[PDB]
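A quick note on method: Cβ atoms are made from the backbone with ideal geometry, for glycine too, and the neighbour counts reach across all protein chains shown. Taken together, the values in this text are just the output of simple stated rules run on the coordinates, not laboratory data.
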Ligand SMILES: [Co+2]
Ligand SMILES: [Co+2]
Ligand SMILES: [Co+2]
Ligand SMILES: [Co+2]
């Protein structure tokens, strides 16, 4: 009846309204080597993170799942400070980014050793049941990801180690799909290996606009997430208008008990500060933590979606996902 | 007339006997993510490092160039403690590992901002002239690497930045080639952007056993390095007899003034402990900082290599390399 948060175990019944996918801190693998010009200003980072946490607060959010991979700047101790200034429940993860957006050299080396899959499994088990580093914080979800048109050999070891730690701990698995691909494959692959569909969230399902692709993924009984609201202009990548008509199609079909929404914001960028160019700039202007409440839900309500359905998505599904 | 070490500038005429490529500490990108089961045992790390530094001194070594890339665990402060404890000059680098076992997502992203090269260049300048992070320690060389059979467009970004930074600072450039390829290509591309051949060392040249490939590279006037003595069986690598055979053919042609030697050891692995398989463990038995001196040099001498030549490689070349 409890889930591990950055402030310890919390009874599921108390999660309330939650965002399944947001990042307080995030850096692309490699950000670490640019420490000289992209130094981490820990108090400025906290200001902006707490700010993002209070904004979520003002729309009723009580819980955020921050699935930042281990190789992407994950900082449990930091998240713990944010949860203190705001009271927000923050669940973190254990996992690595996908081959294209991560740091594979390390586990690619353990492959030569023939212990990779088993080392990953040991890392998941240790972070889910003992603590991350010396922080005392346990991850509450296992984060997985696969590339553009396939689940690579490197990525499959993570999925197999994940199914194994889930059988052993019953932890929730949340994934990321690259550019609208592999949703069904991921669910099939995980289930084929003993994972419980009711503890799986296939993410970035909004990256694809064919409701049919979603119905295939949903047929496995797993949850899915439209978690990139606000992100547009990746040159051919879905727009919020497309996200909504796809969402509305699935809700009108009766799939509300399997759907969750988020924005996938990066509130504090690790590494050297930048600025997007005028083109992408505009398109991404609604990429912030209030976009769902201020823009998306109103558009959903104006299309006939009832409050009970919204509450099933933001409250009942997370509650259900983190228990059983 | 000085070069930056981990303890400040040191007159080039005081470097004496130098190992051009050794790693006190090293981690393949992604090791950071495995911190829970692979924390950094400092005091023990410094102890192993110091013994290694002691074993080098024992053989007359006064200076070691530790080119650990930014994304591979480079730690100037830690290197500074090894130097203080041993009196050994330690020169570090600024640079990223090759795209095969480096951490490309971060700077790959900055390419989309259209600022990568200038960013990398600003990173090189800062670390070469101002300091690494808040260490006050400056890098003494720019570290570059290319992939197997190619210098990818991500890698060329760094090469262009290095030549630019070299023209501005006169800093030495040390490179790594992957599996005996691209030596001549690296030299040509660097020379094409204004880098100076007398301040370039093409590394892992011993990864190719064709003395012609070597002559092709040496014709550019750059230095080359047989820097992996002791490593055999791993990375589809040649053997030390193959290295010695190739080395002797070049020494007999009169190339002693463009050749340097090292072992490319990793005295303290970052991340989680391991132990090589039985097949390799056996082949890598001589991979330690005393091998050149205990096994290789005698063999070379028992081949007629006189002490004046060996002194040129170990003393005269590093002295010429680092000074104008
Ligand atoms: Co993702
Ligand atoms: Co994300
Ligand atoms: Co190398
Ligand atoms: Co090396």
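Taking all C-alpha pairs of region B:196-324, those more than 20 Å from each other amount to 45 percent. Our summary of shape: the Cα atoms of the protein assembly as shown have principal axis extents of 89, 51, 42 Å, ordered from largest down, in whole angstrom. Which percentage, to the nearest 5, of the DSSP beta bridges contained in chain B is antiparallel? Percentage antiparallel, nearest 5: 15.
Compute the semi-axes of the equivalent ellipsoid of region A:67-197, taking the square root of 5 times each eigenvalue of the Cα gyration tensor, and list them largest first in whole Å. Kindly include the intermediate steps, with their values, before the conclusion.
Working: eigenvalues 113, 53, 46 Å².
So the equivalent ellipsoid measures 24, 16, 15 Å along its semi-axes.
Principal axis extents of the Cα atoms in chain B, from largest to smallest and rounded to whole angstrom, are 56, 45, 41. Summary of the geometry: region B:223-247 and region A:167-211, compared by the centres of their Cα atoms, lie 46 Å apart. Among B:246, B:18, a tally of other beta-carbon atoms within 10 Å of each Cβ gives an order, fewest to most, of B:246, B:18.
Over chain B, what is the mean sequence separation of C-alpha contacts under 8 Å (at least six apart), divided by residue count, expressed as relative contact order in percent? Intermediate values should be presented prior to the final figure.
Values: 641 pairs, mean separation 69.2, N = 324.
Rounded, it is 21 percent for chain B.
Equivalent-ellipsoid semi-axes (√(5λ), Cα gyration tensor) for region B:7-139, whole Å, largest first?
Numbers: eigenvalues 152, 75, 30 Å².
Gyration-tensor ellipsoid for region B:7-139: 28, 19, 12 Å.
Here is how the number arises for chain A: DSSP H runs of 4 or more residues each give -39500 (n - 2.57), the sum is divided by the residue count, and the result at 222 nm is -10500 deg cm²/dmol. Each semi-axis of the equivalent ellipsoid for region B:251-324 is √(5λ) with λ an eigenvalue of the Cα gyration tensor; in descending order they amount to 30, 18, 9 Å.
Test of understanding: what is the full-extension gain from residue A:113 to residue A:54, defined as 0.36 nm times their sequence separation minus their Cα-Cα distance?
Full extension of this stretch gives 16.6 nm more.
Express the Stokes-Einstein translational diffusion coefficient of region B:284-324 in µm² s⁻¹, to the nearest whole number, given a Kirkwood radius over alpha-carbon pairs, 25 °C and a viscosity of 0.890 mPa s. Don't jump to the answer; show the numbers that get you there.
On the way: Rh = 11.5 Å.
Roughly 214 µm²/s, to the nearest whole number.
When DSSP beta bridges are restricted to pairs lying wholly in the protein assembly as shown, around 15% turn out antiparallel. Translational diffusion of region A:14-68 was estimated from the Stokes-Einstein equation, with Rh taken as the Kirkwood radius over Cα pairs; at 20 °C and 1.002 mPa s the coefficient is 167 µm²/s.
Based on the reciprocal of the average 1/r between different C-alpha atoms, the Kirkwood radius for region A:204-258 equals 11.4 Å. Gap in Å between the Cα centre of region A:59-80 and the Cα centre of region B:6-80? Here the answer is 34 Å between Cα centres. Separation of region B:285-323 from region A:127-146 is 49 Å, based on Cα centroids.
Among DSSP beta bridges whose residues both lie in region A:1-109, state the antiparallel percentage, nearest 5.
Details: 4 of 11 bridges.
In region A:1-109, DSSP labels about 35 percent of beta bridges as antiparallel.
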